[PDB]
Structures are given as C-alpha cells and as structure tokens.
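Indexing begins at 1, ligand by ligand and atom by atom, following the structure's order. The chains referred to below are lettered A, B, ... by the order of the sequence lines, with proteins before strands, and numbering in each begins at 1.
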Amino acid sequence: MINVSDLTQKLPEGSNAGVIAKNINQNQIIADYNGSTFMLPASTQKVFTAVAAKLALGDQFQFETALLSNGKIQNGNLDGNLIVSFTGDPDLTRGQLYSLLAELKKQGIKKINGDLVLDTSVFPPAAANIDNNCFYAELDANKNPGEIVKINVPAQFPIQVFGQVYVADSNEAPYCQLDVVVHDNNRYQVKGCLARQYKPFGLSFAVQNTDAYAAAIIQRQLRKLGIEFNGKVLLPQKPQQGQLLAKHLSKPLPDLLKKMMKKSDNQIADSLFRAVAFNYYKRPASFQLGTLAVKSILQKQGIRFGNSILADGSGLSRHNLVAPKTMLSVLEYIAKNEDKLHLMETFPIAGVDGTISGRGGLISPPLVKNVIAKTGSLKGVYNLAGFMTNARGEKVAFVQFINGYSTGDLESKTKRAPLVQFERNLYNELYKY
Amino acid sequence: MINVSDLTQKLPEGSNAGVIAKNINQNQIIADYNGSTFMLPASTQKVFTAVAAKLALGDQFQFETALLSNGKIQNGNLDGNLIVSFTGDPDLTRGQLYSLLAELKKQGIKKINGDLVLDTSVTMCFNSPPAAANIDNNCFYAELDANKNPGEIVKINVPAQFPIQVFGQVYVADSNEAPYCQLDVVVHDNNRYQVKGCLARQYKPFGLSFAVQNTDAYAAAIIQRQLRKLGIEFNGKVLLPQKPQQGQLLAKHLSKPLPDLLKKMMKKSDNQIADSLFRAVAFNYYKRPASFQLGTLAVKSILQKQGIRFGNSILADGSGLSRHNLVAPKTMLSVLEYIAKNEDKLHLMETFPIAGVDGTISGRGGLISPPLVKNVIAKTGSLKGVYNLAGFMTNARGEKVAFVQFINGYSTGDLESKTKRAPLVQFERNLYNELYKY
Ligand SMILES: *C(=O)[C@@H](NC(=O)[C@H](NN1CCN(CC)C(=O)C1=O)c1ccccc1)[C@@H]1N[C@@H](C(=O)O)C(C)(C)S1
Ligand SMILES: *C(=O)[C@@H](NC(=O)[C@H](NN1CCN(CC)C(=O)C1=O)c1ccccc1)[C@@H]1N[C@@H](C(=O)O)C(C)(C)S1
C-alpha cells in the first residue's frame with residue numbers, strides 16, 4: 001500500500017486523517033489509513049444524497065410551487081382563500097413566485113376574497129425558500145472609533161435590524177465580534193463592533209421565519225399586481241385540499257444534482273434529503289425521516305452503513321459520523337452504475353470547474369483535468385471524495401477526510417499550506433502507484 | 001508502554017481513543033496513544049476552568065446579587081429606583097431572591113416610587129443560559145397529560161409560580177401514526193413556548209423541562225411577583241439599560257464561596273457553574289463585560305503563566321459542552337500534573353469524583369471493582385458519542401498515576417437509541433487494570 005502515515009506527518013499537529021483508495025480496475029485497496037474511523041464528512045455527505053435522490057426520485061422529478069383555492073371565481077372575484085403550496089424548491093426566486101402570482105390575473109382575478117393560506121410538508125432551507133432565503137443590510141462604518149454604525153435595510157426585505165454596533169477603536173479590533181440574535185418575525189438584533197472602514201458595505205443574513213417572510217413578500221406581490229387582498233394569513237399544519245389554479249416547476253433532478261455537486265449547495269442537499277423522505281414515506285418530512293429513508297434506499301443497493309450517523313443531506317451537522325470506507329463504497333457504486341446514473345459528470349473537476357477549479361494541491365499535472373472530487377469544508381475539516389485516472393488509465397476511487405485541522409485563533413482560519421502540500425503529494429502517489 | 005491499541009478492539013467499530021498516562025512518581029509516560037490528537041474533551045474541560053478559577057478568583061470568591069438605589073428612604077417609600085444587580089450566580093433560588101428582597105421591608109420600605117432596573121456584565125435543561133440573571137437554574141417544568149385516546153389534544157400544565165406560557169396543540173397519535181411523531185418546541189419572544197406534534201398515548205405523566213430563553217424578562221417578572229407578595233408597592237417601568245448602574249448598596253446576597261462551587265462543579269459536573277465561573281474569570285481578569293471569547297483568552301492566559309502550553313487548542317467554553325472544543329489528551333495531562341504538584345496550595349484533589357464512592361463515577365461500571373474502586377478519582381465528560389475520564393489513581397506499587405482518556409466516535413445504534421455501554425465498561429475495566437498493574 002501507499003504510505004499515508006508518512007504524508008500526515010506535515011498536516012498540522014493534532015489533526016487526524018482518514019484516507020482510503022481503491023483501484024477499481026484491479027479491484028484492490030491501494031491506500032488505507034484510519035480507513036475505518038468515524039469522522040465528520042462535511043459536504044462529501046452530498047454524495048449519498050445524490051445517489052439517494054437518483055434512486056427514489058428519478059430524472060423526471062421536480063419541485064412544485066402551487067396556487068390553489070376552493071372558491072368560486074366570480075367576476076374578478078375569488079370567493080375562497082388563496083392557498084399557496086410550497087414544497088421546498090431550493091431554487092425558487094422572487095422573480096418566479098411573482099410570475100406564479102401573475103397567473104392569477106390572466107385568469108381574471110382582481111380581488112381575492114378570503115384569506116391567504118400557506119401550506120407546508122417538511123417538518124439553511126425550508127418549505128418556503130425564496131432567493132436562497134437570505135438578505136443583506138447596509139453598514140456605514142466610516143465613523144470615529146467608539147461611535148455608532150449606521151445600518152439600513154434595503155426596502156425589498158421585510159426585515160428589522162435593530163440593536164446598535166459601535167466602531168472599534170483599533171485599540172481593540174481584536175476583542176470584537178458582532179452578536180446577532182433573532183427575535184419573533186425576522187427582527188434581528190445586533191451588538192458588539194467592527195473596525196473602521198471607509199467604503200459602505202453589506203452584511204448577509206439567513207431569514208429565520210421563512211413562513212412569515214414569504215407571506216409578507218407575497219402580499220407585496222399581490223399589490224404590485226393590483227390583486228386586492230384584504231384577508232388574514234393562516235399557517236396551518238395540515239396539507240390543504242384545494243383546486244389546482246396554477247403551478248411552478250423547478251428545473252429537474254439532473255440540473256439540481258449538477259448544481260449541488262459542482263457547487264456544494266446546501267439547500268439543494270437538504271431539501272432533496274427531505275424530499276426523499278416525503279416520497280419514500282408519503283408523509284411530512286423531518287431530518288430523522290430523511291435518515292431512515294436514505295439509509296434504507298442505499299441499503300437496498302448493498303451499501304452497508306453499520307452505525308454510521310447520517311444526520312442531514314448536506315453534511316453540515318457536527319453529529320454526522322461516517323468512515324472513509326463507507327464513503328468509498330458509495331463511490332464504487334457510482335462508478336459501477338454510471339451507465340445508468342450519470343453521476344460522474346456532476347463531480348467538480350480539478351482546475352476546471354465547481355468547487356475545485358483553483359484547489360491548490362490539485363492544479364498541476366498529472367491531477368489538473370484528471371481528479372474529480374466532491375469537496376467538504378467546516379472549520380477544522382477539509383475533505384475530498386471522488387475519482388481519478390492513474391498512470392495506466394486505470395480508475396481509482398478515493399476518500400480523504402481531515403478533521404481537527406487547526407493552526408490559529410477565533411480571529412481567522414490560518415494557512416492551508418500544509419493541506420495543499422498534503423493533497424499534492426497524496427494524489428501524486430495515487431497516480432503513480 | 002501499555003498497548004492501548006489492543007484494548008481499543010473492545011470499543012465499537014468507528015471510535016477513536018486518545019489515551020495518555022504519566023506515573024508521576026517516576027516521571028514516566030506509560031501510555032501514549034493518540035496523545036496528540038485534538039478531540040472532543042466534553043465536561044472534562046471543567047478541569048481547566050477549575051484551576052483558572054482557583055488562581056484568579058481565589059477561595060474567598062462569592063457571587064453577588066445585590067439591591068441598590070439612587071433614591072432615599074423617606075417616610076415609607078424608596079423615592080427613586082430599585083436596582084437589582086445580577087452577576088452570574090448559577091445557584092440562586094427563587095427563595096434566596098425572595099429573602100434578599102424582604103430586606104427591603106425590614107429597611108422601612110413599603111412602596112417604591114421609581115422603576116425596576118436590572119443590571120448586567122456577562123429547549124431542555126442541561127445546557128441553560130448560564131446568564132447574568134439565573135433563577136432556579138433558568139429552568140422550568142411543564143407537565144403533559146397525554147393519557148388520553150388517540151385523537152385527543154394533550155393537556156399542558158404550567159405550574160403557576162413560573163411567569164412563562166407554554167401553549168399549542170399536540171394530539172395523541174394511534175400506534176400506526178405513532179412512531180412517525182415529532183414533538184417540538186418553538187421559542188417565541190418574552191418566554192412564550194409553542195409545542196407542536198403528537199406523541200403516543202402515555203401511561204405516566206410526561207414531563208417537559210424548558211430552559212428559560214429570556215432570563216432578564218424572567219427575573220424582572222419574578223421580582224415583581226415578589227414585591228407584590230412582600231406588600232411592597234410598585235407601579236413603575238421595567239428597564240434594562242445595559243450599562244453598569246450606580247447606587248448606594250442597600251443589600252447583597254452572597255453565594256457559597258468558591259471551594260463549595262468547585263466541589264459541586266467537579267463532583268457532579270455542573271455545566272452552569274462551569275460556564276458561570278468561566279465568565280467571572282474573564283470579568284475579574286480583564287475588568288469588562290465578559291463573553292465566551294473573553295473567557296477563552298483569560299483562562300488560556302492564566303494557565304499559561306503557570307506553564308501550561310495550549311498550542312492550537314480551542315477551548316470554546318468553561319463547561320466543554322461545545323463541539324468546537326479541540327484539545328489534545330496530553331494537554332489535559334499537564335493540567336492534571338500541575339494539579340497533583342501544587343495540591344498544597346490548590347486543594348483540587350478532593351473535588352475529583354471517586355470510583356464507587358461519589359460523584360458521576362460512584363456507579364461507573366468499568367470502575368466498580370477492586371483494585372479501582374476507592375482508588376481512581378476522575379472527572380467525566382459525556383456527549384452523544386463521547387465518553388471521557390481525566391484523573392488519578394494509585395498503582396500496585398502505591399505510586400501516583402495521572403491519566404487522560406478521550407473517546408469520540410462511539411456509536412452502537414440508531415441516532416435516537418439508548419447507547420450500549422458494555423463495550424465501554426469492558427474497555428475501561430481493562431485500561432485501568434493495565435494502568436494499575438503496569
Ligand atoms: C460543505 O462542506 C459546506 N460547508 C459549509 O457549509 C461551511 N458552512 N458552515 C460552517 C459553519 N457554519 C455553522 C453554523 C455554517 O453556518 C455553515 O454553514 C462553510 C461555509 C463557508 C466557508 C467554509 C465553510 C459547503 N461545502 C464547502 C466545500 O468545501 O465544498 C463550501 C465551502 C463550498 S460550503
Ligand atoms: C459534560 O460532559 C456534561 N455533559 C452534558 O451536559 C451532556 N450533553 N448535553 C447537555 C447539553 N446539550 C445541549 C444541546 C446537549 O446536547 C448535550 O449533549 C449530557 C447531558 C445529559 C446526558 C448525557 C450527556 C455533564 N457531564 C457528564 C458526565 O459524564 O460527567 C454528565 C452526564 C454527568 S452531564
């Protein structure tokens with residue numbers, strides 16, 4: 001075997017690596033180092049969600065956002081509620097929702113009579129995603145040290161940002177972060193400080209109450225369209241029986257999976273995860289339901305998980321526990337079954353695209369243009385799961401998990417130079433073996 | 001050295017161990033297995049906090065909770081504001097807040113003219129905001145009656161002494177629907193809790209333990225209930241200014257002093273005490289409102305001047321709850337030695353739990369038999385997947401052994417099953433026997 005222990009010698013002190021590689025042609029493990037330890041997979045977890053979506057959902061699957069009602073359309077009139085059905089489209093734009101609201105005119109509706117009803121069916125992303133569910137505020141931090149920073153909320157966001165962030169007397173642009181606590185109805189409170197800065201800038205934020213964010217946005221929207229709504233907003237817990245008035249469809253599975261994999265989009269992963277459960281189980285979907293359904297389905301294919309912990313679709317969670325060799329095994333299922341699944345194309349490509357176009361240790365020959373890999377990142381965690389071709393035109397699957405990687409403070413993640421030297425030498429050896 | 005690697009074959013497949021042990025008497029490391037891998041320490045991290053506290057706080061430290069006023073006591077009235085000062089006391093009870101306020105009566109006060117001003121400076125109940133204002137651990141009990149037929153709505157019972165509101169519409173699910181239920185708790189503003197989902201029919205009373213989210217509101221409402229029951233009149237505003245508040249000291253509650261606080265934190269692993277002390281340490285050492293990041297810098301720095309070297313450890317908290325903690329066993333070991341070497345001045349040895357006698361190891365299966373029982377002392381750490389010990393024992397030749405044991409990655413089941421400890425019990429029984437006999 002390759003000598004991995006030699007390589008980890010220059011990863012920072014105290015880190016741990018889990019590395020394993022199999023030459024698919026020769027049917028032979030050619031590297032195997034802590035191959036069996038459970039570690040944090042981070043975004044390499046999406047490999048599993050990919051394969052599970054393929055199997056349980058299929059290529060024709062699409063996310064559906066839908067307008068409905070039981071009311072009789074009268075003259076301009078809608079004599080019932082407007083139920084708006086959200087099913088976790090991770091892709092939905094403000095743009096597209098508006099367009100869906102438009103089908104209400106073309107059908108003659110001037111005035112909606114009853115209430116606005118919002119329907120959900122999953123139990124960072126939710127039923128109602130709009131524009132990646134996030135926003136920004138405008139900070140002006142060109143003030144005196146010790147003096148309040150001016151903050152604005154673009155008018156297009158139904159958000160409050162209160163609290164008060166003073167300027168950092170550089171006597172302390174060390175002892176300083178920015179505390180953000182959320183309150184009922186997307187009211188965000190801010191505290192602490194920043195360092196003096198000349199230009200104006202943007203702080204991005206996740207939307208916490210997405211239900212409410214989406215009912216607010218919809219109401220701006222019926223107004224801009226001249227549809228008179230005067231009712232309440234109901235957020236029932238049950239599916240809402242109504243009559244299909246109109247619908248909006250996401251791009252389909254292969255594009256969704258292409259974006260997830262190449263780019264490492266968490267929301268696609270974690271909505272797909274849950275969509276997988278909703279379909280396998282035919283009922284509202286938790287993350288737990290998602291674990292059950294994704295293990296069960298990969299298990300019908302002969303993937304053995306042991307006591308692996310698969311806590312989400314994207315691998316963000318610090319409770320995920322899986323061993324290289326189980327990741328390794330899912331890859332080989334991918335290669336073997338490529339003819340049918342077409343998952344090989346989704347992996348980013350070294351020095352060419354997705355999350356590893358510029359990846360330091362991969363952008364020379366013979367790895368540039370050769371090594372494809374789903375990457376994974378957290379603070380202290382740098383992973384690669386994927387494939388390459390060696391000196392004989394042979395195929396090689398691998399899995400590199402690195403955890404507890406640490407060289408610096410809360411003030412910043414320090415140098416990646418050991419990572420880059422590690423991966424370089426690592427993949428060079430796999431090539432050459 | 002001990003072949004720890006063979007003992008690990010007894011742990012569940014997947015798990016990782018870090019083990020290191022020094023025989024202090026000889027100055028010999030006698031086990032060194034991943035001695036240098038950073039791992040999750042869990043509650044053993046209160047070992048760092050305990051030493052930093054002895055050194056910066058000192059044995060005469062007490063937390064203060066205090067009444068102050070700018071007013072004057074005249075003719076039956078405090079003419080001015082009631083200031084109530086909270087500084088993180090994690091043991092404060094409703095009852096002691098009560099007597100503290102009753103000192104107001106005793107002092108002539110049957111009505112206050114000004115407002116109530118609170119002053120600061122820093123789902124379930126194990127984590128719990130160790131906040132400036134703690135009352136009854138910031139923790140309350142609801143009771144769910146789900147002894148009812150499939151279909152029915154679960155009765156929620158809040159005891160009346162809690163100023164909170166639990167609400168919602170949980171229903172009882174038939175045993176078909178039953179395994180698919182989620183019960184959850186959505187936290188709304190000003191201590192209002194919404195519980196949704198269902199559970200299976202239940203045949204005892206189901207309890208919820210909630211952590212209070214808005215501790216400042218919580219305390220203010222309580223203080224008002226207590227002024228009313230005391231027959232002190234008050235009609236003013238409840239103000240929460242964020243800066244320290246001036247006033248003449250009218251009265252002051254003091255907690256038990258540090259040795260008690262430490263004995264309880266070490267023996268029983270109290271998270272609140274650890275996270276409270278972690279911050280008092282910052283306040284006192286830097287003299288400034290204190291946060292977790294300040295706690296981190298101060299503990300690191302206090303220990304550093306004593307010779308402890310942290311390298312790139314991450315100490316995210318005083319209690320070790322956080323899963324961002326990273327520290328290498330060998331680093332834990334040097335604190336242990338430092339603790340055994342300066343025992344004459346620190347007296348931390350007696351705070352350690354005692355195999356089969358007390359604390360969180362009085363019933364620890366891998367330690368219940370001789371020669372470990374009454375010999376091994378050790379701080380435990382536990383989280384889902386983590387099972388650690390940090391302590392000392394006397395070996396067969398009667399010399400002192402200091403050890404550290406980190407186990408992470410421990411999984412024997414579905415993510416919400418009762419973990420099986422039999423592998424753990426085995427591995428510990430064997431490891432400690434090796435350290436004893438070595
Ligand atoms: C998968 O590994 C993804 N990584 C991240 O999302 C990671 N995100 N985090 C880490 C910390 N937390 C805790 C609350 C987050 O909010 C959070 O979302 C992250 C994000 C930015 C920079 C570093 C790490 C995705 N995959 C990664 C990859 O390497 O493929 C990214 C960087 C593309 S994100
Ligand atoms: C230190 O290790 C302490 N462990 C825990 O509190 C621990 N886990 N918790 C409580 C806090 N949260 C907040 C989200 C958790 O999710 C969580 O894991 C715990 C609590 C109860 C049961 C098991 C683990 C204390 N030390 C432990 C020890 O072994 O000495 C305990 C179990 C005595 S608690």
Side-chain angles (χ1 to χ4, degrees), chain A residues 40-47 49 124-125 132 134 180 204-206 259-270 312-320 347-348 354-359 373-386 400-403 405 412-413 416 419, chain B residues 40-47 49 123-130 139 209 211 264-275 317-325 352-353 359-364 378-391 405-407 410 418-419 421 424:
Chain A
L40 290 168
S43 286
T44 66
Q45 188 96 137
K46 296 142 152 146
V47 177
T49 305
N132 315 336
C134 75
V180 170
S204 271
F205 288 102
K259 186 173 165 39
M260 196 185 73
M261 297 287 313
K262 286 272 176 180
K263 273 195 203 153
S264 219
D265 177 298
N266 303 344
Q267 305 178 347
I268 307 168
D270 285 331
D312 50 17
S314 47
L316 295 171
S317 165
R318 295 252 175 174
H319 294 71
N320 284 302
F347 283 71
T355 60
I356 60 161
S357 48
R359 180 69 157 241
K374 183 76 196 57
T375 47
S377 292
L378 312 157
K379 187 177 133 77
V381 183
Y382 303 90
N383 307 338
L384 292 169
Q400 139 197 316
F401 291 155
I402 296 174
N403 297 0
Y405 189 105
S412 86
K413 46 173 262 131
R416 284 178 27 124
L419 184 57
Chain B
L40 312 165
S43 293
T44 64
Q45 167 127 297
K46 321 166 156 149
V47 162
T49 310
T123 232
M124 190 142 316
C125 260
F126 260 99
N127 137 44
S128 201
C139 190
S209 264
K264 173 165 171 203
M265 175 197 73
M266 300 289 257
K267 236 106 181 98
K268 134 169 202 329
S269 224
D270 198 299
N271 299 333
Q272 299 198 164
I273 284 162
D275 292 308
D317 51 15
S319 60
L321 281 183
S322 158
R323 277 187 188 248
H324 294 275
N325 284 123
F352 285 74
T360 47
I361 57 165
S362 53
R364 216 200 172 74
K379 189 60 198 71
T380 42
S382 297
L383 305 177
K384 170 179 138 122
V386 175
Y387 300 100
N388 307 342
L389 302 169
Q405 158 196 146
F406 287 155
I407 298 175
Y410 184 114
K418 26 91 79 225
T419 265
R421 284 157 145 284
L424 178 67

* Would A:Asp265 and A:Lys263 pass as an ion pair if we require N to O under 4.0 Å? ->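 No, this pair does not count.
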* **First-shell residues of ligand 2 [heavy atom, distance under 4.0 Å]** =>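 For ligand 2, the contacting residues are B:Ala42, B:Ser43, B:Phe126, B:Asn127, B:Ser269, B:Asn271, B:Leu321, B:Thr360, B:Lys379, B:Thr380, B:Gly381, B:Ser382, B:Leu383.
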* Asked: Cut-off 3.5 Å, side chains only: do A:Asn320 and A:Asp312 have a donor facing an acceptor?
  ->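 Present: a donor and an acceptor within the cut-off.
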* **No-hydrogen, no-angle side-chain donor-acceptor test under 3.5 Å, B:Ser269 and B:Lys379** =>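 Looking only at side-chain atoms, B:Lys379 and B:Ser269 do form a donor-acceptor pair, the distance falling under 3.5 Å.
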* To do: Mind checking side-chain hydrogen bond (donor to acceptor under 3.5 Å, both in side chains) for A:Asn403 and listing every partner two or more places apart, or none if nothing turns up?
  =>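 Residues passing side-chain hydrogen bond (donor to acceptor under 3.5 Å, both in side chains) with A:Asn403: none at all.
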* To do: Output the distance between atom CG (A:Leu316) and atom CG (A:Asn266), rounded to the nearest 0.5 Å.
  =>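 Going from the CG atom of A:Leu316 to the CG atom of A:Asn266 covers 4.0 Å.
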* Go through the steps to decide whether A:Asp270 and A:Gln45 satisfy the test side chain to side chain contact (heavy atoms under 4.5 Å, CB included), and finish with yes or no. => CA-CA 11 Å; A:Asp270 285 331; A:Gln45 188 96 137; over 6 Å; no
